[PDB]
Amino acid sequence: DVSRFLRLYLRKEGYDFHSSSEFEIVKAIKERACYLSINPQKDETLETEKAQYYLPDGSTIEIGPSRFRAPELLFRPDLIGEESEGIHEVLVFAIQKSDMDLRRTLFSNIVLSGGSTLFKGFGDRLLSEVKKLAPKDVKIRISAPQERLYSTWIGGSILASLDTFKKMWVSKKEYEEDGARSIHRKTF
Amino acid sequence: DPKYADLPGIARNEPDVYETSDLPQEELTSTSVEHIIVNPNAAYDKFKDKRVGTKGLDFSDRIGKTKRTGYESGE
């Protein structure tokens with residue numbers, strides 16, 4: 001959706017594009033020529049440089065502050081017209097449902113994951129966010145490997161390599177006997 | 001004409017400009033359109049008196065206080 005909003009950016013810039021193949025290139029920029037900052041309004045007022053991206057063709061494609069302006073929506077969901085509270089506050093709500101003692105652990109135990117989370121000072125900006133959210137004397141600690149994708153793949157590579165895992169998996173014939181509701185009991 | 005008189009080789013009886021005697025919407029008529037006039041002065045005087053207040057209706061890539069609304073003030 002952020003990339004689609006970047007296609008909106010394109011039309012505002014004048015880039016007349018509406019294909020999914022073009023969308024792929026936008027995602028290539030997203031992972032490539034798109035970062036984060038920590039100052040929203042400050043850098044918004046700050047004059048940009050309009051980073052000229054170059055196509056496989058090599059066409060000049062200026063960016064501006066849009067590269068980090070579009071992920072502000074991830075923290076400001078109403079920019080797309082969607083009521084939510086932003087990643088930070090939603091996680092804080094998850095914290096609210098936990099307990100004060102366990103909360104401190106979770107401040108120290110933050111597992112950022114997902115490739116979408118790969119940005120310049122992504123977690124650092126989010127650190128500042130939660131620092132403005134969490135109270136004083138709260139030590140927030142993030143854990144976010146460089147493989148925030150394969151962490152799941154390697155975790156499944158380990159879990160799948162278990163012997164107790166027999167009960168964890170579901171046999172073929174089992175589902176073939178009665179149904180998936182048995183596995184829905186197994187999924188919780 | 002005087003040139004015609006003074007020039008011997010120039011013959012006459014010529015209908016000079018020889019010519020050929022030549023001899024000489026639905027969309028509104030549909031089963032569902034309702035083309036209506038708003039009565040420009042009537043609706044104009046109607047909405048005209050309806051004052052509109054504005055206070056810096058500013059939006060273009062402006063970051064700070066996510067929700068915004070045009071014609072901010074009241075009148």
# chains A, B, ... in the order shown; residues from 1 in each chain; ligands from 1
$ interface_residues --of "chain A" --to "chain B" --cutoff "7 Å" --atoms "only C-alpha atoms" --output "JSON, numbers by chain"
{"A": [40, 41, 44, 76, 78, 79]}
$ write_last_selection --atoms "N, CA and C atoms" --output "short mmCIF file (atom, residue, chain, number, x, y, z; two decimals), in the first residue's frame"
data_model
loop_
_atom_site.label_atom_id
_atom_site.label_comp_id
_atom_site.auth_asym_id
_atom_site.auth_seq_id
_atom_site.Cartn_x
_atom_site.Cartn_y
_atom_site.Cartn_z
N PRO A 40 9.94 13.86 11.88
CA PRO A 40 8.89 13.99 10.86
C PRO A 40 8.69 15.37 10.27
N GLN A 41 8.23 16.27 11.13
CA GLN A 41 7.90 17.63 10.75
C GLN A 41 9.14 18.45 10.51
N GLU A 44 10.50 17.45 7.35
CA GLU A 44 9.51 17.88 6.38
C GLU A 44 9.74 19.33 6.02
N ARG A 76 1.57 6.94 11.15
CA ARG A 76 0.41 7.82 11.04
C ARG A 76 -0.56 7.21 10.04
N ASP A 78 -3.62 7.39 9.38
CA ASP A 78 -4.68 8.18 8.78
C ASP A 78 -4.23 8.92 7.53
N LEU A 79 -2.94 8.86 7.19
CA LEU A 79 -2.48 9.52 5.97
C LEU A 79 -3.08 8.84 4.75
#
$ atom_distance --atom1 "CA of residue 119 (chain A)" --atom2 "CA of residue 34 (chain A)"
7.6 Å
$ residues_around --residues "residue 136 (chain A)" --least-positions-apart "5" --cutoff "12 Å" --atoms "only C-alpha atoms" --output "NGL selection string"
:A and (104 or 130-131)
$ residues_around --residues "residue 1 (chain A)" --least-positions-apart "4" --cutoff "9 Å" --atoms "only C-alpha atoms" --output "list in words"
residues 5, 6 and 80 of chain A
$ closest_residue --among "B:43, B:75, B:20, B:26" --to "residue 55 (chain B)" --atoms "only C-alpha atoms"
B:75
$ atom_distance --atom1 "CA of residue 50 (chain B)" --atom2 "CA of residue 38 (chain B)"
16.7 Å
$ select_by_dssp --residues "region 1-186 of chain A" --states "strand (DSSP E or B)" --output "PyMOL selection string"
chain A and resi 53-54+60-61+110-111+142-143
$ closest_residue --among "A:73, A:112, A:160, A:33" --to "residue 2 (chain A)" --atoms "only C-alpha atoms"
A:73
$ atom_distance --atom1 "CA of residue 96 (chain A)" --atom2 "CA of residue 83 (chain A)"
19.6 Å
$ residues_around --residues "residue 122 (chain A)" --least-positions-apart "4" --cutoff "9 Å" --atoms "only C-alpha atoms" --output "MDAnalysis selection string"
chainID A and resid 35:38 117:118 126:127
$ select_by_dssp --residues "chain B" --states "helix (DSSP H, G or I)" --output "CSV table (one decimal) with N, CA, C and O atoms, in the first residue's frame"
chain,number,residue,atom,x,y,z
B,2,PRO,N,-12.6,48.5,-71.3
B,2,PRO,CA,-11.9,49.3,-72.3
B,2,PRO,C,-10.7,48.6,-72.8
B,2,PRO,O,-10.3,48.8,-73.9
B,3,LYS,N,-10.1,47.7,-72.0
B,3,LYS,CA,-9.0,46.9,-72.3
B,3,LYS,C,-9.5,45.9,-73.4
B,3,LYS,O,-8.8,45.6,-74.4
B,4,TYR,N,-10.7,45.4,-73.2
B,4,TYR,CA,-11.3,44.5,-74.2
B,4,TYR,C,-11.5,45.2,-75.6
B,4,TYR,O,-11.4,44.5,-76.6
B,5,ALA,N,-11.9,46.5,-75.5
B,5,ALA,CA,-12.1,47.2,-76.7
B,5,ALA,C,-10.7,47.4,-77.4
B,5,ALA,O,-10.6,47.2,-78.6
B,6,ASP,N,-9.7,47.9,-76.7
B,6,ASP,CA,-8.4,48.2,-77.3
B,6,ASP,C,-7.6,46.9,-77.7
B,6,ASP,O,-6.7,47.0,-78.5
B,39,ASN,N,-30.5,26.6,-12.0
B,39,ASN,CA,-31.0,27.9,-11.9
B,39,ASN,C,-29.8,28.7,-11.3
B,39,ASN,O,-29.9,29.0,-10.1
B,40,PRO,N,-28.8,29.0,-12.1
B,40,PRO,CA,-27.5,29.6,-11.6
B,40,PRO,C,-27.7,30.8,-10.6
B,40,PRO,O,-27.0,30.8,-9.6
B,41,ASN,N,-28.6,31.7,-10.9
B,41,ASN,CA,-28.7,32.8,-9.9
B,41,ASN,C,-29.5,32.3,-8.6
B,41,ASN,O,-29.1,32.8,-7.6
B,42,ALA,N,-30.4,31.4,-8.8
B,42,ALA,CA,-31.1,30.9,-7.6
B,42,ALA,C,-30.2,30.2,-6.6
B,42,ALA,O,-30.1,30.5,-5.5
B,43,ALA,N,-29.6,29.1,-7.2
B,43,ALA,CA,-28.7,28.3,-6.4
B,43,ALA,C,-27.4,29.2,-6.0
B,43,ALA,O,-26.9,29.0,-4.9
B,44,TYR,N,-27.1,30.1,-6.8
B,44,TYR,CA,-26.0,31.0,-6.5
B,44,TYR,C,-26.3,31.9,-5.3
B,44,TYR,O,-25.5,32.0,-4.4
B,45,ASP,N,-27.5,32.5,-5.3
B,45,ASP,CA,-27.8,33.4,-4.2
B,45,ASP,C,-28.0,32.5,-2.9
B,45,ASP,O,-27.8,33.0,-1.8
B,46,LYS,N,-28.5,31.3,-3.1
B,46,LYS,CA,-28.6,30.4,-2.0
B,46,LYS,C,-27.3,30.1,-1.3
B,46,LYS,O,-27.2,30.4,-0.1
B,47,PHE,N,-26.4,29.5,-2.0
B,47,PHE,CA,-25.1,29.1,-1.4
B,47,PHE,C,-24.2,30.4,-1.2
B,47,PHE,O,-23.2,30.3,-0.5
B,48,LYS,N,-24.5,31.5,-1.9
B,48,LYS,CA,-23.7,32.7,-1.8
B,48,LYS,C,-23.7,33.3,-0.4
B,48,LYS,O,-22.6,33.6,0.1
